[PDB]
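Worksheet: one structure, shown below.
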Amino acid sequence: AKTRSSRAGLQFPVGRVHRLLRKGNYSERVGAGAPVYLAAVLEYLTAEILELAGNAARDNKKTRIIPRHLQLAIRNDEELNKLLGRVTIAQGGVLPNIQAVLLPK
Amino acid sequence: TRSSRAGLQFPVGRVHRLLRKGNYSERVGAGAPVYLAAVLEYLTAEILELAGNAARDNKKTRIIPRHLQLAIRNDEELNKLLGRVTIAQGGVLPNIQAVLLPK
Amino acid sequence: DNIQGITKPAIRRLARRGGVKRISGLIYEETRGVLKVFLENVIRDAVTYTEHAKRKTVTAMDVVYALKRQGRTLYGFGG
Amino acid sequence: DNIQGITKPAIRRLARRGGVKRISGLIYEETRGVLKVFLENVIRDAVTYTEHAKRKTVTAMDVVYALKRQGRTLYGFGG
Amino acid sequence: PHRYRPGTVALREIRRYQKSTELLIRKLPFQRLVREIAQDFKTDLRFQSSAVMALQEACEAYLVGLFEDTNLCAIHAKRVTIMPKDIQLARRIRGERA
Amino acid sequence: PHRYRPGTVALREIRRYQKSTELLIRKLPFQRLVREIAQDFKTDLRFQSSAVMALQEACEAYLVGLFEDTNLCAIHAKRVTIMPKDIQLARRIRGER
Amino acid sequence: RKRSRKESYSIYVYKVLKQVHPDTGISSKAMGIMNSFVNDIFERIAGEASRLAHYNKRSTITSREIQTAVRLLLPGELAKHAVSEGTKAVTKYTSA
Amino acid sequence: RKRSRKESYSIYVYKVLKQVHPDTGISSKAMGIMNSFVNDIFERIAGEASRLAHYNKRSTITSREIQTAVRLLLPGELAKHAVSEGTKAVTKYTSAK
DNA sequence: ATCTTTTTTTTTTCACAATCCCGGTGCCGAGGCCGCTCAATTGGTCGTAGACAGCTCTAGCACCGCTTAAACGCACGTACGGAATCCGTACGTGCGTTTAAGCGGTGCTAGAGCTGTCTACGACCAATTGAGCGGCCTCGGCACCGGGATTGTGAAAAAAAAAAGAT
DNA sequence: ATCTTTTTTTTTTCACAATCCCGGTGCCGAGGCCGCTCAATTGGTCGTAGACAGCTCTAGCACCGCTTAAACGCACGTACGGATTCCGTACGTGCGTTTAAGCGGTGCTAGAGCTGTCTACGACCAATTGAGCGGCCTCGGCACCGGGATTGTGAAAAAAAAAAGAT
Ligand SMILES: [Mn+2]
Ligand SMILES: [Mn+2]
Ligand SMILES: [Mn+2]
Ligand SMILES: [Mn+2]
Ligand SMILES: [Mn+2]
Ligand SMILES: [Mn+2]
Ligand SMILES: [Mn+2]
Ligand SMILES: [Mn+2]
Ligand SMILES: [Mn+2]
Ligand SMILES: [Mn+2]
Ligand SMILES: [Mn+2]
Ligand SMILES: [Mn+2]
Ligand SMILES: [Mn+2]
Ligand SMILES: [Mn+2]
Ligand SMILES: [Mn+2]
Ligand SMILES: [Mn+2]
Ligand SMILES: [Mn+2]
Ligand SMILES: [Mn+2]
Ligand SMILES: [Mn+2]
């Protein structure tokens, strides 16, 4: 295991994350665990959303994830929706929601 | 001192420290602190100007949080700058909705 | 039981500062529920800042920092 | 007078996606007014970025950095 | 005897409380509520006196500020009396409720 | 020959547009507006085509979102019809004014 | 010529994707969003951790700050899982 | 007893107060708000400037970045004056080297 | 206490308008292969951030007992909210006519974006000095209060107008 | 249509609330001075960030002709919002009794916060190399379309059950 990603068991790039944390003026010095921890968090969140969007993509009879599927996946998960509360997803559209009083009687 | 060189009351040296200290950038220009101290001095003055007028209306020589609140919220541009800011001991502007008054 | 320490007349007074004339009798519980959510979201984060600093005393700055996160910046407590 | 190009039916469509069933005739001019204020606010900052970059072309990242300033972050155009 | 018509004293209180800046919730019941809620997150905690006051200034600001928006929702429905549904609308639109 | 009742096609249109994700404003009308406004902030500007779509995505998102809020105000008034005062209430509570 | 290098997260997002859905694809715009999503949360967590240090008079962002940040920044269960996923990766890396 | 040093902007807020209003003071609470105000905007400007540099791939924050920050951050008329007191203060400084 | 009429309810027949779901088909962007290159990896120096230990004393906290003002529980009745009804037109639906967005194709250069040179500027360190700190003190601004000045509120009574009834 | 009588709405005239405000009085924090010290300043060295000049070619702009969907404007009438009445009780007001906040008090110490030691950790560096990039190419996923399967309205009316008018 020459790479740090293999040493940490991650698909995300620990070294790049370590670079970004030094070239962003967050602090003087960056700890050796920080870019491992962070990469893992980012990898975790990434997977979770791709899980749900890929599910959305099967319900719509598709091989490919498109912005709509990400939007459906986020705006239906209660926690993902909160994390991305001030977040516009281009080409996402909106969840189907008609108010009760507007339906005929 | 660098303050008197620019013509300011606000500390130019202090602001230049706080700019490097605060991990805002690798390096900080010579002008930056002077410009920033000056902008800080101005907004302080603008608040104290209108707070001071508030204090005279309430028949007070000394400014208190309320006079700052009243000053800020009655001004249009300060209210927008401090739109998510809670001024402790400030209170609110007196304002009753018309529909609640007896006809 | 503590939550009932935020009494009907206190809640009335607040709504008077809000400029409210008449108050439905169900309000006072709904207010308590809302105040409870607010304090829970603020205090959690405040305590999180206290946890990290390795203390057993929640400071003014811990509260001020937590309010700034939530977008409710507070002037006059060391902010 | 390009603001009229935001046409009554276009505004209708936007309201439909927003779950609106019945639209007053005053809404359309009202909506135009609102849009214009949003675009002004966003464009003002984008341009402020563009000018600082010593450019004569507004990029998408000029807009994206402006939108994030308004608290209205946008995904799919960089950033 | 003497009796004001209902609404006249209510209005007097509005003028009185918007004029002043003092905290309207009794301080000690607030503090015990703060420490109760704090025990859920971490046990055996302490609190600076000012740290409690900072919370109280921020709760009451929030709540007054909330009631302002709540009232407008009642008024919007041709009513003079605030109701839970009004608070709910106000929070919904703020982005606190979903 | 045949005629639907008021509110049926509207309901049908709501269903139609909550499925789709396409922009509902016509692109050119929008782009002229964008340049016009930007011109009055600064002259001789050029726009990346993706910066114009950025704006448009952000505006439509914004307005859709606003209309949602505008509707809940109208229903709060025991009405089905949105009126300027529902937009003004929504934007007051949002802290836009 | 030969266009300048534009860095991304796409190759990793592709890897993570096939781990979860080994047959599922993803369009340009979807990947452009995923790229903005990661970059966003990067700047969020990194930013809170930067402040945490500044608040405590520290000159070092360690996994401890990253951890605290994630708790402040992520809601309930989502924070809870990332925290164990984070700590698990530091544990494994430090040993090896 | 023995000390405990904590820095504030209190002495300069007095100096500015005696300029605009010679014959009126200020309570400690009010001062502690002003103290919070100066610090609040400091971070707000500096932060906006910090991101300016980053976006434009520059290492140095100069007075130019502070100026752009101030235009993005302050509202219309409050900005114009802030730019002018700034630009003026820098000009007197560099000509008294 | 009965039969026939009119109106309300609540299904179902039935075109049929609009849409949903089906394979068929052709365009092109997802995604894989390659090989070149720059950012990540590797091992060595070196300095200081921060953990850990040890001491100082601040500020949080605990039990205590009066003195009120605030909370509470209750009686009473009015003004407010909501249900019920009624009328006019504003806004939805549909059609025929008009308008220009979208398309894709072509032609031109502004200016984005990248390179290389060179130096003015800012990081860095050592020495210096007075601006800003806490500690101490004191005294005038303002909170509190009592006893008139004055400013509205609500209630009968009086006045006017509007409906009501009678020659 | 006209005249007096009776019921409803409008307007002053009065008694008393609650609230200003005004001049006295004491109390503590605003603000001033004071002396030490630590952060700002001055003077000097070194290297590199970025202003500037020169070159490249991306893509932002203009323009024109054709197709056709979308915008426009007008007719028409249904159901929606608003105006009106109207009734019940959930509200606000104002008693009197109950309660725990507030205050000033002394006592005890957890733990905040500062200091001084030192070594594990991360910056900085050159040299080493393979992960990640653009460039290149293609073919399977899906946008688009026509056709027939399915839906959902709607009015109609046809039927069925209730209320009302009538012998
Ligand atoms: Mn198919
Ligand atoms: Mn290869
Ligand atoms: Mn140290
Ligand atoms: Mn009882
Ligand atoms: Mn009413
Ligand atoms: Mn084209
Ligand atoms: Mn050129
Ligand atoms: Mn150029
Ligand atoms: Mn220099
Ligand atoms: Mn001092
Ligand atoms: Mn008195
Ligand atoms: Mn007086
Ligand atoms: Mn001195
Ligand atoms: Mn360079
Ligand atoms: Mn109705
Ligand atoms: Mn006490
Ligand atoms: Mn090491
Ligand atoms: Mn590539
Ligand atoms: Mn077809």
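Convention: chains lettered A, B, ... in structure tokens order; per-chain residue numbering from 1; ligands numbered from 1 as shown.
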Any idea what's packed within 10 Å of residue 45 in chain H, counting only C-alpha atoms (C1' of nucleotides), ignoring anything in its chain fewer than 4 positions away? Could you give it as an MDAnalysis selection string?
-> (chainID B and resid 36 39:40) or (chainID H and resid 40:41 49:50 65:74)
Can you spit out the residues from that selection as a PDB file, in the first residue's frame, using N, CA, C and O atoms?
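Dumped to selection_34.pdb:
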ATOM      1  N   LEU B  36      -9.173  48.775   5.560  1.00  0.00           N
ATOM      2  CA  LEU B  36     -10.126  48.081   6.426  1.00  0.00           C
ATOM      3  C   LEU B  36     -10.367  48.810   7.745  1.00  0.00           C
ATOM      4  O   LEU B  36     -11.504  48.921   8.188  1.00  0.00           O
ATOM      5  N   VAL B  39     -12.693  51.688   6.883  1.00  0.00           N
ATOM      6  CA  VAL B  39     -14.070  51.252   6.679  1.00  0.00           C
ATOM      7  C   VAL B  39     -14.713  50.895   8.017  1.00  0.00           C
ATOM      8  O   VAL B  39     -15.892  51.174   8.238  1.00  0.00           O
ATOM      9  N   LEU B  40     -13.939  50.281   8.907  1.00  0.00           N
ATOM     10  CA  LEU B  40     -14.420  49.992  10.254  1.00  0.00           C
ATOM     11  C   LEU B  40     -14.701  51.285  11.015  1.00  0.00           C
ATOM     12  O   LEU B  40     -15.747  51.414  11.645  1.00  0.00           O
TER      13      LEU B  40
ATOM     14  N   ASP H  40     -17.816  41.628  14.195  1.00  0.00           N
ATOM     15  CA  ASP H  40     -18.706  40.928  13.269  1.00  0.00           C
ATOM     16  C   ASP H  40     -18.378  41.300  11.831  1.00  0.00           C
ATOM     17  O   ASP H  40     -18.271  40.422  10.974  1.00  0.00           O
ATOM     18  N   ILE H  41     -18.219  42.593  11.566  1.00  0.00           N
ATOM     19  CA  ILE H  41     -17.962  43.052  10.200  1.00  0.00           C
ATOM     20  C   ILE H  41     -16.521  42.774   9.777  1.00  0.00           C
ATOM     21  O   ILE H  41     -16.276  42.430   8.622  1.00  0.00           O
ATOM     22  N   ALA H  49     -13.101  38.890   1.320  1.00  0.00           N
ATOM     23  CA  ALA H  49     -11.846  39.203   0.641  1.00  0.00           C
ATOM     24  C   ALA H  49     -10.986  37.961   0.488  1.00  0.00           C
ATOM     25  O   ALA H  49     -10.387  37.749  -0.563  1.00  0.00           O
ATOM     26  N   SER H  50     -10.922  37.150   1.541  1.00  0.00           N
ATOM     27  CA  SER H  50     -10.166  35.904   1.511  1.00  0.00           C
ATOM     28  C   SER H  50     -10.625  35.018   0.363  1.00  0.00           C
ATOM     29  O   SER H  50      -9.798  34.489  -0.375  1.00  0.00           O
ATOM     30  N   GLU H  65      -8.805  43.931  -2.691  1.00  0.00           N
ATOM     31  CA  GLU H  65      -9.706  42.858  -2.278  1.00  0.00           C
ATOM     32  C   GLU H  65     -10.649  43.344  -1.188  1.00  0.00           C
ATOM     33  O   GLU H  65     -11.816  42.947  -1.139  1.00  0.00           O
ATOM     34  N   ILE H  66     -10.133  44.210  -0.321  1.00  0.00           N
ATOM     35  CA  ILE H  66     -10.940  44.832   0.718  1.00  0.00           C
ATOM     36  C   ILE H  66     -12.028  45.709   0.082  1.00  0.00           C
ATOM     37  O   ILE H  66     -13.177  45.698   0.515  1.00  0.00           O
ATOM     38  N   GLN H  67     -11.666  46.446  -0.958  1.00  0.00           N
ATOM     39  CA  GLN H  67     -12.625  47.268  -1.689  1.00  0.00           C
ATOM     40  C   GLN H  67     -13.764  46.451  -2.319  1.00  0.00           C
ATOM     41  O   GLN H  67     -14.936  46.822  -2.203  1.00  0.00           O
ATOM     42  N   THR H  68     -13.419  45.355  -2.992  1.00  0.00           N
ATOM     43  CA  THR H  68     -14.417  44.475  -3.607  1.00  0.00           C
ATOM     44  C   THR H  68     -15.318  43.827  -2.563  1.00  0.00           C
ATOM     45  O   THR H  68     -16.537  43.762  -2.736  1.00  0.00           O
ATOM     46  N   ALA H  69     -14.713  43.343  -1.483  1.00  0.00           N
ATOM     47  CA  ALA H  69     -15.475  42.829  -0.355  1.00  0.00           C
ATOM     48  C   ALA H  69     -16.543  43.837   0.048  1.00  0.00           C
ATOM     49  O   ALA H  69     -17.724  43.505   0.093  1.00  0.00           O
ATOM     50  N   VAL H  70     -16.114  45.071   0.303  1.00  0.00           N
ATOM     51  CA  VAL H  70     -16.999  46.139   0.769  1.00  0.00           C
ATOM     52  C   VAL H  70     -18.163  46.418  -0.174  1.00  0.00           C
ATOM     53  O   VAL H  70     -19.238  46.803   0.274  1.00  0.00           O
ATOM     54  N   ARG H  71     -17.957  46.237  -1.473  1.00  0.00           N
ATOM     55  CA  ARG H  71     -19.039  46.456  -2.425  1.00  0.00           C
ATOM     56  C   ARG H  71     -20.026  45.289  -2.445  1.00  0.00           C
ATOM     57  O   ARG H  71     -21.236  45.501  -2.495  1.00  0.00           O
ATOM     58  N   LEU H  72     -19.512  44.064  -2.376  1.00  0.00           N
ATOM     59  CA  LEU H  72     -20.364  42.876  -2.265  1.00  0.00           C
ATOM     60  C   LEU H  72     -21.138  42.825  -0.949  1.00  0.00           C
ATOM     61  O   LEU H  72     -22.275  42.370  -0.920  1.00  0.00           O
ATOM     62  N   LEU H  73     -20.515  43.290   0.132  1.00  0.00           N
ATOM     63  CA  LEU H  73     -21.062  43.142   1.479  1.00  0.00           C
ATOM     64  C   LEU H  73     -21.970  44.294   1.934  1.00  0.00           C
ATOM     65  O   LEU H  73     -23.087  44.048   2.388  1.00  0.00           O
ATOM     66  N   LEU H  74     -21.499  45.536   1.838  1.00  0.00           N
ATOM     67  CA  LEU H  74     -22.309  46.685   2.264  1.00  0.00           C
ATOM     68  C   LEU H  74     -23.380  47.043   1.231  1.00  0.00           C
ATOM     69  O   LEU H  74     -23.194  46.806   0.038  1.00  0.00           O
TER      70      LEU H  74
END
If you take only C-alpha atoms and a cut-off of 10 Å, which residues of chain C touch chain B, and what are their nearest atom pairs and distances in Å to one decimal, in chain and number order, as CSV?
residue,atom,partner,partner_atom,distance
C:16,CA,B:96,CA,9.8
C:17,CA,B:92,CA,7.5
C:18,CA,B:92,CA,8.3
C:19,CA,B:96,CA,5.8
C:20,CA,B:96,CA,8.3
C:21,CA,B:100,CA,7.0
C:22,CA,B:100,CA,9.3
C:67,CA,B:86,CA,10.0
C:68,CA,B:85,CA,9.1
C:71,CA,B:84,CA,6.4
C:72,CA,B:84,CA,5.7
C:73,CA,B:85,CA,4.9
C:74,CA,B:86,CA,4.7
C:75,CA,B:87,CA,5.1
C:76,CA,B:88,CA,5.9
C:77,CA,B:88,CA,8.3
List all protein, DNA and RNA residues that have any atom at most 9 Å from ligand 9, counting only C-alpha atoms (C1' of nucleotides) and all ligand atoms, and write the list as JSON, numbers by chain.
-> {"B": [30], "I": [120, 121, 122]}
Store the residues picked out above in a file with N, CA and C atoms (P, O5', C5', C4', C3', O3' and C1' of nucleotides), as a PDB file, in the first residue's frame.
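The file below, result10.pdb, is the result:
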ATOM      1  N   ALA B  30       0.068  46.104   2.239  1.00  0.00           N
ATOM      2  CA  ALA B  30       0.263  47.219   3.163  1.00  0.00           C
ATOM      3  C   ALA B  30      -0.973  48.102   3.250  1.00  0.00           C
TER       4      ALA B  30
ATOM      5  P    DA I 120      11.349  48.049  -8.937  1.00  0.00           P
ATOM      6  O5'  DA I 120       9.957  48.330  -8.216  1.00  0.00           O
ATOM      7  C5'  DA I 120       8.709  47.905  -8.807  1.00  0.00           C
ATOM      8  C4'  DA I 120       7.771  47.376  -7.748  1.00  0.00           C
ATOM      9  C3'  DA I 120       7.779  48.148  -6.427  1.00  0.00           C
ATOM     10  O3'  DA I 120       6.443  48.291  -5.935  1.00  0.00           O
ATOM     11  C1'  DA I 120       8.515  45.905  -6.051  1.00  0.00           C
ATOM     12  P    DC I 121       6.178  48.663  -4.404  1.00  0.00           P
ATOM     13  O5'  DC I 121       5.951  47.232  -3.744  1.00  0.00           O
ATOM     14  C5'  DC I 121       5.044  46.293  -4.352  1.00  0.00           C
ATOM     15  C4'  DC I 121       4.835  45.099  -3.449  1.00  0.00           C
ATOM     16  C3'  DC I 121       4.572  45.432  -1.982  1.00  0.00           C
ATOM     17  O3'  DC I 121       3.723  44.435  -1.411  1.00  0.00           O
ATOM     18  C1'  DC I 121       6.545  44.178  -2.133  1.00  0.00           C
ATOM     19  P    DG I 122       2.803  44.784  -0.163  1.00  0.00           P
ATOM     20  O5'  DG I 122       2.960  43.495   0.759  1.00  0.00           O
ATOM     21  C5'  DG I 122       2.751  42.169   0.237  1.00  0.00           C
ATOM     22  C4'  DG I 122       3.605  41.173   0.985  1.00  0.00           C
ATOM     23  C3'  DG I 122       3.511  41.249   2.513  1.00  0.00           C
ATOM     24  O3'  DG I 122       3.518  39.920   3.049  1.00  0.00           O
ATOM     25  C1'  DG I 122       5.738  41.474   1.870  1.00  0.00           C
TER      26       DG I 122
END
What lies within 9 Å of range 4-7 of chain A using only C-alpha atoms (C1' of nucleotides), ignoring chain neighbours under 2 positions off, as a PyMOL selection string?
-> (chain A and resi 1-2+9-15+36+39) or (chain G and resi 89+92-96) or (chain I and resi 41)
Expected file contents, prior selection, N, CA and C atoms (P, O5', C5', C4', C3', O3' and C1' of nucleotides), as a PDB file, in the first residue's frame:
ATOM      1  N   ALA A   1       0.846  -1.230   0.000  1.00  0.00           N
ATOM      2  CA  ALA A   1       0.000   0.000   0.000  1.00  0.00           C
ATOM      3  C   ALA A   1       0.867   1.260   0.000  1.00  0.00           C
ATOM      4  N   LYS A   2       1.227   1.732  -1.191  1.00  0.00           N
ATOM      5  CA  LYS A   2       2.030   2.952  -1.326  1.00  0.00           C
ATOM      6  C   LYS A   2       1.177   4.200  -1.086  1.00  0.00           C
ATOM      7  N   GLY A   9      -8.151   2.714   3.426  1.00  0.00           N
ATOM      8  CA  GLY A   9      -9.248   1.857   2.974  1.00  0.00           C
ATOM      9  C   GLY A   9     -10.317   2.618   2.219  1.00  0.00           C
ATOM     10  N   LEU A  10      -9.882   3.634   1.473  1.00  0.00           N
ATOM     11  CA  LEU A  10     -10.780   4.617   0.874  1.00  0.00           C
ATOM     12  C   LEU A  10     -10.667   4.647  -0.637  1.00  0.00           C
ATOM     13  N   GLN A  11     -11.786   4.929  -1.294  1.00  0.00           N
ATOM     14  CA  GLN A  11     -11.789   5.240  -2.719  1.00  0.00           C
ATOM     15  C   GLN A  11     -11.426   6.703  -2.992  1.00  0.00           C
ATOM     16  N   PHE A  12     -11.771   7.601  -2.068  1.00  0.00           N
ATOM     17  CA  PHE A  12     -11.452   9.026  -2.221  1.00  0.00           C
ATOM     18  C   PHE A  12      -9.968   9.308  -1.984  1.00  0.00           C
ATOM     19  N   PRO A  13      -9.450  10.377  -2.599  1.00  0.00           N
ATOM     20  CA  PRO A  13      -8.021  10.700  -2.550  1.00  0.00           C
ATOM     21  C   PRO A  13      -7.576  11.442  -1.283  1.00  0.00           C
ATOM     22  N   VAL A  14      -6.863  10.762  -0.389  1.00  0.00           N
ATOM     23  CA  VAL A  14      -6.424  11.392   0.862  1.00  0.00           C
ATOM     24  C   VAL A  14      -5.399  12.499   0.609  1.00  0.00           C
ATOM     25  N   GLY A  15      -4.527  12.291  -0.372  1.00  0.00           N
ATOM     26  CA  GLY A  15      -3.454  13.242  -0.653  1.00  0.00           C
ATOM     27  C   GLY A  15      -3.957  14.564  -1.187  1.00  0.00           C
ATOM     28  N   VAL A  36      -7.544  12.084   6.086  1.00  0.00           N
ATOM     29  CA  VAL A  36      -8.085  10.728   6.101  1.00  0.00           C
ATOM     30  C   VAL A  36      -9.535  10.753   6.596  1.00  0.00           C
ATOM     31  N   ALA A  39     -11.762  12.787   3.995  1.00  0.00           N
ATOM     32  CA  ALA A  39     -11.972  11.976   2.791  1.00  0.00           C
ATOM     33  C   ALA A  39     -13.029  10.899   3.023  1.00  0.00           C
TER      34      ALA A  39
ATOM     35  N   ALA G  89     -11.509   5.005   9.550  1.00  0.00           N
ATOM     36  CA  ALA G  89     -10.466   5.197   8.542  1.00  0.00           C
ATOM     37  C   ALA G  89      -9.172   5.770   9.130  1.00  0.00           C
ATOM     38  N   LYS G  92      -7.496   2.698  11.036  1.00  0.00           N
ATOM     39  CA  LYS G  92      -6.856   1.782  10.092  1.00  0.00           C
ATOM     40  C   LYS G  92      -5.579   2.351   9.464  1.00  0.00           C
ATOM     41  N   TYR G  93      -5.600   3.643   9.159  1.00  0.00           N
ATOM     42  CA  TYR G  93      -4.452   4.341   8.575  1.00  0.00           C
ATOM     43  C   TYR G  93      -3.302   4.494   9.569  1.00  0.00           C
ATOM     44  N   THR G  94      -3.618   4.866  10.809  1.00  0.00           N
ATOM     45  CA  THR G  94      -2.596   5.092  11.833  1.00  0.00           C
ATOM     46  C   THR G  94      -1.809   3.817  12.131  1.00  0.00           C
ATOM     47  N   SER G  95      -2.506   2.685  12.197  1.00  0.00           N
ATOM     48  CA  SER G  95      -1.848   1.402  12.426  1.00  0.00           C
ATOM     49  C   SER G  95      -0.898   1.079  11.275  1.00  0.00           C
ATOM     50  N   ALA G  96      -1.402   1.177  10.046  1.00  0.00           N
ATOM     51  CA  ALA G  96      -0.605   0.926   8.841  1.00  0.00           C
ATOM     52  C   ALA G  96      -0.081   2.235   8.247  1.00  0.00           C
TER      53      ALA G  96
ATOM     54  P    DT I  41      -0.238  10.411  -1.627  1.00  0.00           P
ATOM     55  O5'  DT I  41       1.213   9.779  -1.799  1.00  0.00           O
ATOM     56  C5'  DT I  41       1.501   8.874  -2.886  1.00  0.00           C
ATOM     57  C4'  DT I  41       2.946   8.436  -2.844  1.00  0.00           C
ATOM     58  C3'  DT I  41       3.467   8.045  -1.457  1.00  0.00           C
ATOM     59  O3'  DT I  41       4.196   6.820  -1.534  1.00  0.00           O
ATOM     60  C1'  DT I  41       4.872   9.687  -2.402  1.00  0.00           C
TER      61       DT I  41
END
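With a cut-off of 10 Å and using only C-alpha atoms (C1' of nucleotides) and all ligand atoms, the polymer residues contacting ligand 7 are residues 109, 110, 111 and 112 of chain I; 55 of chain J.
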Writer output for current selection, N, CA, C and O atoms (P, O5', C5', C4', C3', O3' and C1' of nucleotides), as a PDB file, in the first residue's frame:
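Below you can see result_27.pdb, which holds the result:
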ATOM      1  P    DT I 109     -12.587  40.192 -38.411  1.00  0.00           P
ATOM      2  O5'  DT I 109     -12.582  40.170 -36.819  1.00  0.00           O
ATOM      3  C5'  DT I 109     -13.168  41.244 -36.062  1.00  0.00           C
ATOM      4  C4'  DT I 109     -13.093  40.930 -34.587  1.00  0.00           C
ATOM      5  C3'  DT I 109     -11.684  40.974 -34.001  1.00  0.00           C
ATOM      6  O3'  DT I 109     -11.751  41.314 -32.624  1.00  0.00           O
ATOM      7  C1'  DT I 109     -12.552  38.836 -33.696  1.00  0.00           C
ATOM      8  P    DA I 110     -11.274  42.734 -32.139  1.00  0.00           P
ATOM      9  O5'  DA I 110     -12.032  42.889 -30.745  1.00  0.00           O
ATOM     10  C5'  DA I 110     -13.475  42.816 -30.664  1.00  0.00           C
ATOM     11  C4'  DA I 110     -13.924  42.075 -29.422  1.00  0.00           C
ATOM     12  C3'  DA I 110     -13.161  42.398 -28.139  1.00  0.00           C
ATOM     13  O3'  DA I 110     -14.049  42.342 -27.017  1.00  0.00           O
ATOM     14  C1'  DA I 110     -12.831  40.116 -28.705  1.00  0.00           C
ATOM     15  P    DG I 111     -13.596  42.909 -25.594  1.00  0.00           P
ATOM     16  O5'  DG I 111     -12.961  41.625 -24.894  1.00  0.00           O
ATOM     17  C5'  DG I 111     -13.716  40.403 -24.771  1.00  0.00           C
ATOM     18  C4'  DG I 111     -12.823  39.256 -24.357  1.00  0.00           C
ATOM     19  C3'  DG I 111     -11.786  39.574 -23.275  1.00  0.00           C
ATOM     20  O3'  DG I 111     -11.595  38.413 -22.461  1.00  0.00           O
ATOM     21  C1'  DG I 111     -10.709  38.673 -25.096  1.00  0.00           C
ATOM     22  P    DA I 112     -12.046  38.408 -20.940  1.00  0.00           P
ATOM     23  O5'  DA I 112     -12.055  36.856 -20.579  1.00  0.00           O
ATOM     24  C5'  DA I 112     -12.878  35.924 -21.306  1.00  0.00           C
ATOM     25  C4'  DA I 112     -12.159  34.608 -21.500  1.00  0.00           C
ATOM     26  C3'  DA I 112     -11.394  34.079 -20.287  1.00  0.00           C
ATOM     27  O3'  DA I 112     -11.397  32.648 -20.337  1.00  0.00           O
ATOM     28  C1'  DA I 112      -9.866  34.513 -22.025  1.00  0.00           C
TER      29       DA I 112
ATOM     30  P    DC J  55       4.817  38.515 -29.952  1.00  0.00           P
ATOM     31  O5'  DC J  55       3.849  37.274 -29.707  1.00  0.00           O
ATOM     32  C5'  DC J  55       4.369  36.040 -29.176  1.00  0.00           C
ATOM     33  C4'  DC J  55       3.251  35.059 -28.910  1.00  0.00           C
ATOM     34  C3'  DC J  55       2.379  34.717 -30.124  1.00  0.00           C
ATOM     35  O3'  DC J  55       2.435  33.303 -30.348  1.00  0.00           O
ATOM     36  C1'  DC J  55       1.036  35.184 -28.227  1.00  0.00           C
TER      37       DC J  55
END
All residues within 12 Å of ligand 13 are required, counting only C-alpha atoms (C1' of nucleotides) and all ligand atoms; please report them as a VMD selection string.
-> (chain I and resid 129 to 133) or (chain J and resid 33 to 37)
Would you kindly return, as a list in words, each protein, DNA or RNA residue with an atom no farther than 9 Å from any atom of range 83-98 of chain J, considering only C-alpha atoms (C1' of nucleotides) and excluding same-chain residues fewer than 3 positions away?
->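 Counting only C-alpha atoms (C1' of nucleotides), the residues come to residues 22, 23, 24 and 25 of chain C; 2, 3, 4, 5, 6, 7, 9 and 10 of chain E; 71, 72, 73, 74, 75, 79, 80, 84, 85, 86 and 87 of chain I.
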Let's have the selection written as a CSV table (one decimal), in the first residue's frame, with C-alpha atoms (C1' of nucleotides).
chain,number,residue,atom,x,y,z
C,22,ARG,CA,-55.7,38.7,21.0
C,23,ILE,CA,-54.4,35.2,21.7
C,24,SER,CA,-56.0,31.8,21.1
C,25,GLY,CA,-56.0,29.5,24.2
E,2,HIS,CA,-65.2,50.0,36.3
E,3,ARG,CA,-64.4,47.9,33.3
E,4,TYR,CA,-62.4,48.5,30.1
E,5,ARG,CA,-63.9,47.0,26.9
E,6,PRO,CA,-61.8,44.0,25.9
E,7,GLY,CA,-58.9,45.1,23.8
E,9,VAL,CA,-55.9,47.0,28.1
E,10,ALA,CA,-54.4,44.6,25.6
I,71,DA,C1',-48.9,33.7,39.0
I,72,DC,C1',-53.1,31.6,39.7
I,73,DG,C1',-57.9,30.5,39.8
I,74,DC,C1',-62.2,32.2,39.1
I,75,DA,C1',-66.7,35.0,37.7
I,79,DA,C1',-66.7,41.0,20.6
I,80,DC,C1',-64.7,37.9,17.8
I,84,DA,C1',-74.5,30.0,6.4
I,85,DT,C1',-76.2,32.4,2.3
I,86,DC,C1',-76.4,35.3,-1.6
I,87,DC,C1',-74.7,38.1,-6.0
